[PDB]
Amino acid sequence: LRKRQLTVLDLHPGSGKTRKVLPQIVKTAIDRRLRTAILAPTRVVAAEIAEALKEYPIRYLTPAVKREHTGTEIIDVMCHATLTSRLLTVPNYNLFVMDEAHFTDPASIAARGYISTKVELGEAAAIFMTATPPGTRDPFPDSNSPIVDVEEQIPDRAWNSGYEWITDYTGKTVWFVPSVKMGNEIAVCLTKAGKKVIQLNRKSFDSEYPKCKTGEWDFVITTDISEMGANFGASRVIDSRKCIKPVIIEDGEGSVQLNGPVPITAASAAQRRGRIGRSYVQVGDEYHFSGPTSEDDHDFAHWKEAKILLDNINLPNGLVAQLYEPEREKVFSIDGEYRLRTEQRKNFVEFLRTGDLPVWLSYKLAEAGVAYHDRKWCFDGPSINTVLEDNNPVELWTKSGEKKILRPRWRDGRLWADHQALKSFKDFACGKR
């Protein structure tokens with residue numbers, strides 16, 4: 001009960017989290033009438049926490065709905081981003097428990113800032129659970145069983161020769177890639193070599209990660225989303241230590257671009273490696289990697305985007321929350337700099353929630369006075385912002401009846417990162433939501 005005292009913020013890692021630790025915390029919170037928020041990084045982990053807590057009365061919260069049996073529940077389970085979303089449109093929780101608290105999704109960073117600030121104000125206690133606390137930099141941490149770390153060349157595309165070590169192995173392998181496209185090229189190569197392959201990414205995770213529990217697979221090819229609580233029962237990880245992440249370019253109008261494979265942080269590398277080595281009775285787990293790690297992640301867009309979110313959340317004291325202490329050095333702006341005026345903020349929240357637009361773009365739109373329903377901005381950008389599909393400009397029928405080339409006022413590369421993103425953006429440009 002040492003961790004449940006107001007003004008306490010506790011970090012810890014381990015193994016035994018949902019069978020015992022989380023239920024004990026929840027049991028004590030209920031006995032003490034502590035209004036509690038349990039925060040999971042993903043819908044999968046929220047589900048697994050909710051199942052671990054099946055013996056207790058809990059409320060499940062999404063950004064839009066609540067699931068309860070009586071309405072008298074005091075323990076809420078939700079995704080990190082659901083807290084941030086509801087703060088932008090919320091109980092004065094006495095206790096926060098954040099699982100996988102290293103997640104650098106902007107809404108997760110902002111949630112840690114809000115929670116950290118509530119703790120420092122003496123309004124709450126918080127527990128951050130993660131094997132790689134924000135601020136840490138150790139890519140080869142200790143493990144339950146020794147890991148064989150092997151630095152060697154890793155394919156970044158299909159191969160027609162060599163790499164015998166990849167396909168001759170008969171255990172299960174988790175292979176982290178920087179992009180879904182690269183993962184698919186590798187997955188097809190492995191499949192034509194007689195391997196059973198599952199591909200995991202943010203869009204496929206809810207349907208495909210559950211298939212890993214059947215054990216009917218040889219390889220999981222995954223993006224970095226599997227750094228947030230995925231449990232594989234594998235024996236090998238392959239990791240070129242790359243990611244592709246948005247970068248805000250502050251020159252001119254400003255823009256966001258997706259910068260090609262760049263090195264991951266040491267904490268990310270430790271989380272990728274940390275998929276294995278988890279069991280004393282399974283020895284010989286291997287981590288095959290190439291490339292350095294890098295802590296120059298200040299240029300990744302999620303830090304500024306977290307600050308934009310936090311600057312637009314009101315506090316009881318009339319001020320604004322700060323980022324969680326070890327993360328404050330990632331952003332170089334003065335607190336409150338991104339706070340939007342009244343009508344702008346209303347449109348901001350709508351672009352985020354109903355529009356499903358990235359934080360940076362939603363801020364630029366809102367700040368420029370764009371109304372949520374006004375789609376002129378999708379078509380009134382300069383010709384350099386023309387969106388291409390199959391090297392042809394995208395032409396759309398607008399809600400006003402005109403056929404126009406898709407030319408957003410600001411370029412945010414996440415709007416056309418893949419076919420599904422582009423389709424969603426085309427639907428938005430046409431007024432479909």
Side-chain angles (χ1 to χ4, degrees), residues 63-64 80-92 105-118 120-121 123 246-256 300-324 327-328 330-382 385 399-400 407-415 425 428-429 431 433:
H80 299 176
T82 289
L83 178 62
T84 303
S85 182
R86 291 178 165 259
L87 288 166
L88 290 164
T89 66
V90 174
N92 196 12
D105 190 77
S108 299
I109 300 162
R112 291 193 288 279
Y114 174 81
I115 293 163
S116 177
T117 294
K118 280 289 189 172
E120 276 172 71
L121 292 171
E123 292 199 60
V247 169
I248 296 164
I249 307 297
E250 302 283 4
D251 310 302
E253 57 153 49
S255 59
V256 170
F300 287 146
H302 48 248
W303 302 114
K304 186 175 171 184
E305 286 185 326
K307 195 64 176 163
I308 291 166
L309 292 170
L310 250 201
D311 279 354
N312 281 282
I313 292 172
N314 278 34
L315 285 187
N317 65 0
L319 307 188
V320 296
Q322 302 177 77
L323 296 183
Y324 174 49
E327 299 178 300
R328 290 176 193 168
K330 313 307 273 198
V331 179
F332 316 81
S333 60
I334 286 298
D335 298 310
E337 183 186 312
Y338 305 116
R339 178 171 284 263
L340 295 162
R341 294 178 285 161
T342 309
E343 295 298 313
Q344 300 173 320
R345 208 168 95 176
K346 293 181 179 174
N347 289 305
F348 179 60
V349 173
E350 286 201 15
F351 287 123
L352 293 173
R353 288 180 79 250
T354 314
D356 197 47
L357 302 187
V359 172
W360 178 86
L361 182 60
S362 301
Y363 173 84
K364 299 290 296 192
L365 292 165
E367 192 276 339
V370 176
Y372 174 74
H373 290 108
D374 186 350
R375 301 298 146 84
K376 292 175 185 175
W377 69 270
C378 298
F379 305 96
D380 70 8
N385 291 2
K399 215 69 164 164
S400 72
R407 283 180 178 171
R409 201 176 293 173
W410 297 277
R411 290 187 320 268
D412 186 322
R414 290 170 289 194
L415 301 171
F425 179 41
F428 190 83
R433 71 172 182 280

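Note that the numbering runs from 1 along the sequence shown for the chain. These values consider heavy atoms only, across backbone and side chains, with no hydrogens, waters or symmetry-generated copies.
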**Q** Got a second to check how far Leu365's CG is from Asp374's CG, nearest 0.5 Å?
**A** 10.0 Å
**Q** Determine the interplanar angle of the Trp377 and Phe428 rings, folded into 0 to 90°, and report it as parallel if under 30°, tilted if 30 to 60°, perpendicular if over 60°.
**A** tilted
**Q** Is there a donor-acceptor pair under 3.5 Å between the side chain of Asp412 and the backbone N or O of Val256?
**A** no
**Q** To the nearest 0.5 Å, what is the distance between CZ (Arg407) and SG (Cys378)?
**A** 13.5 Å
**Q** How long is the span from the CG atom in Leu88 to the OG atom in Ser362, to the nearest 0.5 Å?
**A** 10.5 Å
**Q** Determine all donor-acceptor pairs shorter than 3.5 Å in which one atom belongs to a side chain in residues 335-342; sequence neighbours excluded.
**A**
| residue | atom | partner | partner atom | Å |
| --- | --- | --- | --- | --- |
| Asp335 | OD1 | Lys307 | NZ | 2.4 |
| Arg339 | NE | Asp311 | O | 3.2 |
| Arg339 | NH1 | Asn314 | OD1 | 2.6 |
| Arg339 | NH2 | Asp311 | O | 3.4 |
| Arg339 | NH2 | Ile313 | O | 3.3 |
| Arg339 | NH2 | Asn314 | OD1 | 3.2 |

**Q** Kindly give the heavy-atom pair with the smallest separation between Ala368 and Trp410, and that separation in Å.
**A** CB-CH2, 3.7 Å
**Q** Nearest 0.5 angstrom please: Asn385 CG to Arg411 CZ, how far?
**A** 5.0 Å
**Q** Tell me the closest heavy-atom pair linking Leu83 and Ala111, and the distance in Å.
**A** CD2-CB, 4.4 Å
**Q** Keeping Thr89 on the side-chain end and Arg86 on the backbone end, is there a donor-acceptor pair under 3.5 Å?
**A** yes
**Q** If only atom types and distance count, is the side chain of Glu123 paired as donor or acceptor with the main-chain N or O of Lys118 below 3.5 Å?
**A** no
**Q** Provide the closest heavy-atom pair for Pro408 versus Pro382 in the form atom of the first, atom of the second, distance.
**A** O-CD, 4.4 Å
**Q** Strictly distance-based, threshold 3.5 Å: is any side-chain N or O of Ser116 a donor or acceptor partner for the main-chain N or O of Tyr324?
**A** no
**Q** What are the two closest heavy atoms between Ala301 and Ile248, and how far apart are they?
**A** CB-CG1, 3.7 Å
**Q** Do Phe348 and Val359 have side chains that approach each other closer than 4.5 Å (heavy atoms only, starting at C-beta)?
**A** yes
**Q** Quick one: closest heavy-atom pair of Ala110 and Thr84, and the distance?
**A** CB-CG2, 4.2 Å
**Q** Using every non-hydrogen atom in the two residues, find where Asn347 and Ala371 come nearest and quote the distance to one decimal.
**A** OD1-CA, 3.6 Å
**Q** Start with the C-alpha gap between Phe351 and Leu361, add the side-chain angles, then the distance that decides, and say whether side-chain contact (heavy atoms from CB on, under 4.5 Å) holds.
**A** CA-CA 9 Å; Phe351 287 123; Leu361 182 60; over 6 Å; no
**Q** Give a yes or no answer on whether the side chain of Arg328 reaches the backbone of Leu323 with a donor-acceptor pair at less than 3.5 Å.
**A** yes
**Q** Is there a side-chain contact (heavy atoms from CB on, under 4.5 Å) between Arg353 and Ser85 once you walk through the steps?
**A** CA-CA 8 Å; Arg353 288 180 79 250; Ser85 182; 3.6 Å; yes
**Q** Between atom CG of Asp356 and atom CG of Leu415, what is the distance when rounded to the nearest 0.5 Å?
**A** 10.0 Å
**Q** Let me see the working for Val320 and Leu310 under side-chain contact (heavy atoms from CB on, under 4.5 Å), right down to the final yes or no.
**A** CA-CA 7 Å; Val320 296; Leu310 250 201; over 6 Å; no
**Q** For residues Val370 and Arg409, determine if any side-chain heavy atom of one lies less than 4.5 Å from a side-chain heavy atom of the other.
**A** yes
**Q** Quick one: does any side-chain atom of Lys364 pair with a main-chain N or O of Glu253 as donor and acceptor, under 3.5 Å?
**A** yes
**Q** Please answer whether the main-chain N or O of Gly355 pairs with a side-chain N or O of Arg433 as donor and acceptor at a distance below 3.5 Å.
**A** yes
**Q** Find out whether the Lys NZ or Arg CZ of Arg375 is both under 6.0 angstrom from the six-membered ring centre of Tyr372 and within 45° of the ring's axis.
**A** yes
**Q** First locate atom CH2 of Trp303, then atom CD1 of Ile308, and finally report the distance between them rounded to the nearest 0.5 Å.
**A** 14.5 Å
